[PDB]
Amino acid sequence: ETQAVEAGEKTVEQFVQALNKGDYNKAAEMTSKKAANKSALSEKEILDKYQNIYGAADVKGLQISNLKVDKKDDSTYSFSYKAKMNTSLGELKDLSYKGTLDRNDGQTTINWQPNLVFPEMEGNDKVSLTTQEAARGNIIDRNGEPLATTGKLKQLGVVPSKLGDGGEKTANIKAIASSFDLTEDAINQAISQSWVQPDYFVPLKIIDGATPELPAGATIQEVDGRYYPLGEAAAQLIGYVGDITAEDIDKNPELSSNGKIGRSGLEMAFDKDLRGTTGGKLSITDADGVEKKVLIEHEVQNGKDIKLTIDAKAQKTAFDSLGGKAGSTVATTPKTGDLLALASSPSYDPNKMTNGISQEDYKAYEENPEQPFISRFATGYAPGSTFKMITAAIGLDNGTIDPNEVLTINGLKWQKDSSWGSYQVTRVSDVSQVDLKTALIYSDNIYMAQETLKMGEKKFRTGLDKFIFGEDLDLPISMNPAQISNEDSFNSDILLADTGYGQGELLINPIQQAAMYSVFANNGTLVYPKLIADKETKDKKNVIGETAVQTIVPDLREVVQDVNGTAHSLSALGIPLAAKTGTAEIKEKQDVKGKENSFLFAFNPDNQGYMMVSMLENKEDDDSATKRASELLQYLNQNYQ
């Protein structure tokens, strides 16, 4: 009565555990034989009852508490416990379970009864589950424009029997293939799948424009589905939803087995808020079917909408400016941190992705060497020689850099001494007398490499540690925190120099760059970027000195205005611009000739209304981020004072 009671507790807890893990056969084998006052059913019948009832409600995570096991008759021990469980209609807490045990020999079993499924069940009671699917919420831009909405799509499809028998059949398939830009080897593959039967409607494509003339056999049906109005222009950011699988349900029963789940992007980061909660009722009924006890009931709650800082027209312009090349553009209002645009190129079609895509088209996306699935605004890159602004600011702050001191630089290559071997810092322009303003105008890496070595590692890192290296940004976008280098020390003069002009082991993604560069639009205050419109603005003060800002920004205007400035083509706009260009040389491995990245930074130095950071990954020859920025810069200048 204390070594047997302790054995009865072990039997109840093993029973609960087998139910928890879904091994219902294992749980049934711990029950008494079928009899009156023993178990109400056989083992195989208990298995089928748990499998049907717990399967229908998608029960998961059966947990108990407050277990008490006493003695009743001479061979009968009684038990009781509280229990909760997760179902497809939410958590079901505070369930009072009750039963009796049986020690008929060396083992102790459970006198199984229907009230060990649900507490009130008895005899031939049934369980009914009725569910109502929730509408997915919308994703909208800073002005209410839809980015991810629920639209009424037009689905083209064919009926095999209404195509024809022969000759007439082939003529209609040829007509359909030409009227809707479809392959006729693919249309015949569609209508010949195992699941097709002659009278069925075989869907082919979602037509987006106005419906052309419909040949025989083809018809249009309106269906509901997720719709992305910006398409490729916001695919990496928004993401896409796909069909929900059996495994998705086993992980989270509060999903709708009938609905859609976010697979990437914001659709997946905000899946909980966007999907709502399933409505309905879980009830116990009589042997006939008359309701007896409602276990769970609540109405459907539709998904909450989500409002972004994105500007839909800026997002589209930024993306199109990249012209399909590999690259990324970030646009902010640097005083508040509002992310106006997060473009990444090349891209994929999220409408094709959610409306059923072929194995070929999906493999084309994954085998594409420019990798359209990458979110380039969230990938760490070396920031390039744009980063000289930061090193300059640090150098002005700690007095290492005299704006008027003029270094003498001879040629296009430079190294500290012969211990560097064959390695030399390279510049593009052979300017003999280089002060800071000259270095920013011509993008002179040798100048800044020399100033970084003179500054030294300790003072250089002191300045860098005032930024956001190592910080996890509060953003619903998966990223890694920017780093200065791999370890906490450079342990190399060459690495120290390379870091000075934005190379080395630096890793900063375009969003983290726009955050760091925002110091020039806020007098040395770093303003953290913000993607959800209702969030409060966060900032970090005294990152660089106000003096450094008022020295460097006038030079950044000259990068545009001076006839030899590297961004001088932007002067055609005729608007107040401060800019900085950049390059970075990377070891490509596959083409060991070399891969080069092109960068542009630009903001309005009069009103600080907008800021832009654009990159061209593995650029083609005679191509740059600067020659693609005019259109986005005009737009941001007109609409964000």
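Throughout, we count residues from 1 along the sequence that is shown.
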Averaging C-alpha B-factors over each stretch, which comes out higher, 587-595 or 58-66? 587-595
Between 73-81 and 274-282, which has the higher average C-alpha B-factor in the PDB entry? 73-81
Going by the deposited entry, which of 122, 558, 498, 471 has the highest CA temperature factor? 122
Highest recorded C-alpha temperature factor, please, choosing from 31, 581, 614, 608. 31
Going by the recorded CA B-factors, say which third of the chain residue 505 sits in, lowest, middle or highest. lowest
Ranked against its chain, the third holding the CA B-factor of residue 461: lowest
Is residue 165 in the lowest, middle or highest third of its chain when residues are ranked by C-alpha B-factor? highest
Select lowest, middle or highest to describe the third in which the CA B-factor of residue 530 falls within its chain in this entry. lowest
Sorting by Cα B-factor within the chain, modelled residues only, which third would residue 198 end up in: lowest, middle or highest? highest
